[PDB]
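Letters go in sequence order (proteins before strands), and every chain restarts at 1. Only this structure's heavy atoms are used, side chains among them; waters, hydrogens and symmetry mates stay out.
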Amino acid sequence: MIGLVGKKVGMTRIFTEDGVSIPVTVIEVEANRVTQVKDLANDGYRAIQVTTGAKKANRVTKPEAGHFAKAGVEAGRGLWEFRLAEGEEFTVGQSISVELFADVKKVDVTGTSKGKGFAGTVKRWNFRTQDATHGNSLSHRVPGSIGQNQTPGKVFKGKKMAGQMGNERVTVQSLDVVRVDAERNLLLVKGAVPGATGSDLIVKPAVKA
Amino acid sequence: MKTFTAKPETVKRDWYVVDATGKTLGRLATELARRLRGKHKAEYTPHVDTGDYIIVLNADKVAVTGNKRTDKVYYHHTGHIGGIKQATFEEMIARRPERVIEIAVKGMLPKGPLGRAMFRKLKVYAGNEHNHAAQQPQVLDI
Amino acid sequence: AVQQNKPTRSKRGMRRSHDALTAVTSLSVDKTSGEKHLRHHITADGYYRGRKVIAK
RNA sequence: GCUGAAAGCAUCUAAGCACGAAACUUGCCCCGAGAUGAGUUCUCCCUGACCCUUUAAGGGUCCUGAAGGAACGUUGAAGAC
RNA sequence: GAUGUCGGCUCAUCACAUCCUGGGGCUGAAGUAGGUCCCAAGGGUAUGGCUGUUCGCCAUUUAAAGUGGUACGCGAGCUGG
RNA sequence: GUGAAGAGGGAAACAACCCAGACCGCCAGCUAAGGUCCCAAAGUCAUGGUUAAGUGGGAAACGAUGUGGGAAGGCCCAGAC
RNA sequence: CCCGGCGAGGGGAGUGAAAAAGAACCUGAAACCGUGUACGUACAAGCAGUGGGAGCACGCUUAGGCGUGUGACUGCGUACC
């Protein structure tokens, strides 16, 4: 079905009476307000635009204010879309809570991974380090050869080289749902999820199933 | 007496609609390229686009002789070392039929900035309906 | 390591298309002394937001 | 393999029909409208007055300066810049 | 009026005459396990002792430790036995 | 014989092959090799056949009720296959 | 006389036939580096030209449809020794 937008509160653990420690990620899922409904007739595809959280009035631009005003909902900190599975109906202004995850047992968590900045091949691509001794000359962490001789006479596209690492969209699949606290607007999922504390997260039912 | 040369600012272009159902691919393509380049006009100029706008309908119903419906292979390279990807005529028609006629015509047009300009005047639709009624296209039997 | 051909004056100019300097968009005017100054910086006379912070 | 003639039979094939693999196209993840074929949807802003002339996607003066953006400042689990 | 030539290291990429995994026909195919041929290149495809060695022998692993092309790939990347 | 010391046209590109030997000018005509569906100048020319393999547009011993043409022969309404 | 650090270097004034003869001084070429104007240029691939050629600007012209600059697009075209 549709997903929800939450915030990565942090990581903790849950102790079970059987004596098992479950590493969990605390996700705060406040009510998601539907800001726009898209259909085949007007948009060519079925989806719902939702918002969550709150934004300062002075920081909300007039174009953004009008979009929220049309749906009659308070301005949030962003907008996200979820496709409808041919059997879901929603109306603008509807509030979607974390209660819909009560019977999923597995979710897909998407977020922006931590940014490592400019990373070398050893860190970025797990390249093997060359000898630290035995005559090595300024080539301890250098990539080494990056191609073949005249025959190709070039470097192929997709060659693994140093560059930006992290700070990109990442999805972790098939994470168990440990607890669904509707009153506290909390969702506990076993394992770690991409991104740092306070980063936006998108939670959807597991697609692999 | 200098030979007459067409001028792009005073060249007349007409609109035509062509039905591709049951038409041989290559034989249909040659006529489209011929008219797209303006070779049928007495004022044809090699360096000026004197062709006509042509709308092609029912592109998914084009016909090919022999076993070309399953043996003709379209090759293209993505640019990566993996690279070569191929699709047969049947798959192209099922996946996106318009490219079949577009690819065929593109190969018969001249290569260069002017050739690309000529290709812009070709409109291909998979179905039997087009949204160019405002241009008053004229039926062209070819 | 070194060039095989001499780059043209055109190539040199295109590389310098990003070397142009950016002038200050505008200067702030002090409340009291009415002196032009860089925003968030004290004036040459020692004023800042009409306070006379430090002159000596 | 089924049915089935050419070839009274036989025959998986010529018409027709059903199976069949980590290959192929999808399904999963990421990028993606410079996709110059530059797409779609929602929302927001601007509703002056004259002059010149080779009189048109023309030029200029006065008034006006919106939505928004940028700049600057405090900075970030963002970052070589 | 120079195109650095073995091996190792790092990083590879393609071919299929396929080493493993996948699908099949025949078998002097009971089963298990094999033999041979056909299809298949998606992914995967040892660490050490000796020697500069590639190789090879040996020890012990693995589903398998494939065969080749790429200036016998790769010294304006390293090494210099 | 050509290149060397030879341009022009053709063979996609291709000194030596094919056509043909450039004194200069022309926005005139006829031809050679080679060509006439489009890129690209000229036949989607006419008549009678062949091919179904994209053969044409890469190749052998050898294998095969592919298919066209030709001259004979065996057995057959005493009933053949 | 003026700007400037009682600078450097300039702008006036004055001398001279001439100061664009000012001592970095007769004449003042080319490479090379700038400012201004016209035109072209951000979907287009290669010895950068050549043949064709629109548009724009400008000078003509007893409209005379020409000259000059630029060169969208297009055929051909791999420097010299």
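- Side-chain atoms of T3(B) and base atoms of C27(F) include a donor and an acceptor less than 3.5 Å apart.
- By the Watson-Crick or G-U wobble test, with both distances required under 3.5 Å, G43(E) and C20(E) count as a base pair.
- Between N42(A) and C42(D), a side-chain N or O to OP1/OP2 separation shorter than 4.0 Å is present.
- Across the protein-nucleic acid pair, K160(A) atom NZ and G77(E) atom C1' stand 18 Å apart, rounded to whole Å.
- Nucleotide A56(D) carries a south-puckered sugar, as indicated by a negative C1'-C2'-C3'-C4' torsion.
- For the criterion of Watson-Crick or G-U wobble pairing, both bonds shorter than 3.5 Å, the nucleotides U45(E) and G56(E) do not count as partners.
- Taking ring-centre separation below 5.5 Å and interplanar angle below 30 degrees as the test, the adjacent bases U18(E) and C19(E) do not pass.
- Nucleotide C11(E) carries a north sugar pucker, as its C1'-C2'-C3'-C4' torsion angle is positive.
- Sequence order on RNA chain F of the closest nucleotides to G26(B) and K2(B) puts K2(B) first from the 5' end.
- Remark: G55(G) base-pairs with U70(G). Criterion, Watson-Crick or G-U wobble with two distances under 3.5 Å.
- In this entry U32(E) has no Watson-Crick or G-U wobble partner, no candidate having both defining distances under 3.5 Å.
- The partner of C62(D) is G48(D), by the rule that a Watson-Crick or G-U pair needs both atom distances under 3.5 Å.
- As the counterpart of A20(F), no nucleotide is assigned, since no Watson-Crick or G-U wobble pattern has both distances under 3.5 Å.
- Between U50(G) and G75(G), both key atom distances fall under 3.5 Å, giving a Watson-Crick or G-U wobble pair.
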